[PDB]
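Take a look at the structure below.
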Amino acid sequence: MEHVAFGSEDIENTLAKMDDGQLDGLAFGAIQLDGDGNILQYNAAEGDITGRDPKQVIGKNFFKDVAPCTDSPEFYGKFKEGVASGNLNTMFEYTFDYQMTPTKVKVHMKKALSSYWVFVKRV
Ligand SMILES: *C(=O)/C=C/c1ccc(O)cc1
């Protein structure tokens with residue numbers, strides 16, 4: 001395990017430039033998106049929560065392709081507001097239900113220091 005808690009105040013500093021291997025050591029799901037929502041990084045914990053293969057989703061668009069259930073004002077709308085402002089720091093619960101058993105999660109989206117993080121744990 002990497003020793004980082006979900007929701008930590010300086011999480012973007014701790015995960016800064018973490019490589020794909022170390023990201024796979026986190027206790028929580030971690031996705032890194034570009035400002036368009038394309039997937040740059042996606043860790044093992046997230047693949048375990050959602051069923052997706054962390055190796056295959058890299059390069060797909062999260063909102064258009066992988067996660068249409070997040071293409072909504074409550075998810076994508078918050079993301080894009082944060083991208084446009086260059087300020088993003090929002091934590092909310094959400095249900096993932098596309099081609100999967102509906103799974104409720106706590107989501108933390110936060111601008112990265114490089115890029116935007118989506119951190120995920122079950123609730
Ligand atoms: C809704 O379509 C959500 C899908 C989803 C969320 C998070 C993932 O990492 C993968 C798919």
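Each chain of the structure tokens is named A, B, ... in the order shown, its residues numbered from 1; ligands are numbered from 1 in display order.
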
Protein and nucleic acid residues within 7 Å of ligand 1 (only C-alpha atoms and all ligand atoms) as an mmCIF file with C-alpha atoms, in the first residue's frame:
data_model
loop_
_atom_site.group_PDB
_atom_site.id
_atom_site.type_symbol
_atom_site.label_atom_id
_atom_site.label_comp_id
_atom_site.auth_asym_id
_atom_site.auth_seq_id
_atom_site.Cartn_x
_atom_site.Cartn_y
_atom_site.Cartn_z
ATOM 1 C CA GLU A 46 -10.424 1.947 -9.706
ATOM 2 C CA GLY A 47 -10.489 -1.096 -11.999
ATOM 3 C CA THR A 50 -15.734 -0.513 -11.691
ATOM 4 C CA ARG A 52 -12.724 -1.663 -16.252
ATOM 5 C CA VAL A 66 -16.195 5.052 -20.661
ATOM 6 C CA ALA A 67 -18.607 6.693 -18.203
ATOM 7 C CA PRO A 68 -21.727 8.063 -19.943
ATOM 8 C CA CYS A 69 -23.551 7.997 -16.597
ATOM 9 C CA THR A 70 -21.223 10.860 -15.522
ATOM 10 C CA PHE A 96 -21.910 4.362 -11.348
ATOM 11 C CA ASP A 97 -24.433 2.240 -13.287
ATOM 12 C CA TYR A 98 -23.339 1.823 -16.950
#

Nearby residues (only C-alpha atoms) at most 12 Å from segment 106-113 of chain A, same-chain spacing under 6 positions excluded, as a VMD selection string: chain A and resid 5 to 18 28 to 35 37 40 46 49 70 74 to 96 119 to 123

Pick from A:48, A:36, A:2, A:19 nearest to residue 103 of chain A, counting only C-alpha atoms: A:48

Considering only C-alpha atoms, can you say which of A:24, A:65, A:71, A:53 comes closest to residue 38 of chain A? A:65

Please return, as a short mmCIF file (atom, residue, chain, number, x, y, z; two decimals) with N, CA and C atoms, in the first residue's frame, all residues of chain A that DSSP assigns to strand (DSSP E or B) on the basis of the backbone.
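result20.cif written:
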data_model
loop_
_atom_site.label_atom_id
_atom_site.label_comp_id
_atom_site.auth_asym_id
_atom_site.auth_seq_id
_atom_site.Cartn_x
_atom_site.Cartn_y
_atom_site.Cartn_z
N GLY A 29 -9.46 4.45 -5.66
CA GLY A 29 -9.38 4.64 -7.10
C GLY A 29 -8.82 6.00 -7.45
N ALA A 30 -8.01 6.04 -8.50
CA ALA A 30 -7.41 7.29 -8.99
C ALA A 30 -7.39 7.25 -10.50
N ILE A 31 -7.95 8.30 -11.08
CA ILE A 31 -7.99 8.56 -12.53
C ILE A 31 -7.38 9.92 -12.75
N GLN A 32 -6.52 10.07 -13.74
CA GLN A 32 -6.09 11.40 -14.15
C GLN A 32 -6.64 11.67 -15.55
N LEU A 33 -7.29 12.81 -15.70
CA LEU A 33 -7.92 13.26 -16.97
C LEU A 33 -7.21 14.51 -17.46
N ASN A 38 -10.04 13.18 -21.42
CA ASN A 38 -9.35 11.95 -21.87
C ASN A 38 -8.55 11.37 -20.71
N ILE A 39 -8.55 10.05 -20.65
CA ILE A 39 -7.92 9.34 -19.52
C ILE A 39 -6.42 9.23 -19.76
N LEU A 40 -5.65 9.78 -18.83
CA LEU A 40 -4.17 9.75 -18.86
C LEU A 40 -3.63 8.64 -17.95
N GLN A 41 -4.28 8.41 -16.81
CA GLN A 41 -3.86 7.40 -15.82
C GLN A 41 -5.10 6.84 -15.22
N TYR A 42 -5.03 5.59 -14.78
CA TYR A 42 -6.19 4.88 -14.22
C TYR A 42 -5.61 3.73 -13.43
N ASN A 61 -12.09 8.68 -23.86
CA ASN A 61 -12.69 9.86 -23.21
C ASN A 61 -13.63 9.39 -22.11
N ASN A 89 -11.97 21.61 -7.08
CA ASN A 89 -11.82 20.89 -5.81
C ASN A 89 -13.23 20.61 -5.29
N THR A 90 -13.79 19.48 -5.68
CA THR A 90 -15.19 19.16 -5.33
C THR A 90 -15.26 17.71 -4.90
N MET A 91 -16.02 17.44 -3.87
CA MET A 91 -16.20 16.07 -3.37
C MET A 91 -17.70 15.82 -3.24
N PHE A 92 -18.17 14.72 -3.80
CA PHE A 92 -19.61 14.42 -3.84
C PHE A 92 -19.79 12.93 -4.02
N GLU A 93 -20.93 12.43 -3.59
CA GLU A 93 -21.28 11.01 -3.88
C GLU A 93 -22.00 10.91 -5.21
N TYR A 94 -21.90 9.72 -5.81
CA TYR A 94 -22.44 9.50 -7.16
C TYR A 94 -22.63 8.00 -7.33
N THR A 95 -23.51 7.61 -8.25
CA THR A 95 -23.72 6.19 -8.56
C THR A 95 -23.24 5.89 -9.97
N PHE A 96 -22.40 4.86 -10.08
CA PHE A 96 -21.91 4.36 -11.35
C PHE A 96 -22.79 3.17 -11.75
N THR A 103 -23.21 1.05 -8.35
CA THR A 103 -22.19 1.12 -7.28
C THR A 103 -22.08 2.57 -6.84
N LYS A 104 -22.40 2.84 -5.59
CA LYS A 104 -22.31 4.21 -5.07
C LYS A 104 -20.89 4.46 -4.57
N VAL A 105 -20.37 5.62 -4.92
CA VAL A 105 -18.99 6.01 -4.58
C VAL A 105 -18.99 7.44 -4.05
N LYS A 106 -17.92 7.75 -3.34
CA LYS A 106 -17.53 9.14 -3.05
C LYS A 106 -16.44 9.52 -4.04
N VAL A 107 -16.66 10.64 -4.70
CA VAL A 107 -15.80 11.16 -5.78
C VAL A 107 -15.15 12.43 -5.28
N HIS A 108 -13.85 12.56 -5.50
CA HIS A 108 -13.12 13.81 -5.22
C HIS A 108 -12.41 14.20 -6.49
N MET A 109 -12.84 15.32 -7.10
CA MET A 109 -12.15 15.83 -8.28
C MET A 109 -11.30 16.98 -7.83
N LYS A 110 -10.04 16.97 -8.23
CA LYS A 110 -9.12 18.05 -7.82
C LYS A 110 -8.10 18.29 -8.90
N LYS A 111 -7.87 19.56 -9.19
CA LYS A 111 -6.85 19.92 -10.19
C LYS A 111 -5.50 19.36 -9.75
N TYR A 116 -6.25 16.76 -14.31
CA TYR A 116 -7.22 16.78 -13.22
C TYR A 116 -7.44 15.37 -12.68
N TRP A 117 -7.42 15.25 -11.36
CA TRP A 117 -7.62 13.96 -10.69
C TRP A 117 -9.09 13.72 -10.43
N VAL A 118 -9.46 12.45 -10.52
CA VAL A 118 -10.75 11.92 -10.02
C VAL A 118 -10.38 10.78 -9.07
N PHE A 119 -10.62 11.00 -7.78
CA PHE A 119 -10.36 10.00 -6.74
C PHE A 119 -11.69 9.38 -6.30
N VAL A 120 -11.66 8.10 -5.96
CA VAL A 120 -12.90 7.32 -5.83
C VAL A 120 -12.79 6.32 -4.69
N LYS A 121 -13.82 6.24 -3.87
CA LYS A 121 -13.91 5.12 -2.92
C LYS A 121 -15.37 4.71 -2.78
N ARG A 122 -15.60 3.51 -2.31
CA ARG A 122 -16.96 3.02 -2.11
C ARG A 122 -17.61 3.68 -0.88
#

Apply DSSP to the backbone of this structure and, from segment 6-69 of chain A, keep only the residues in helix (DSSP H, G or I); write these as a VMD selection string. chain A and resid 11 to 15 20 to 23 44 to 50 62 to 66 68 to 69
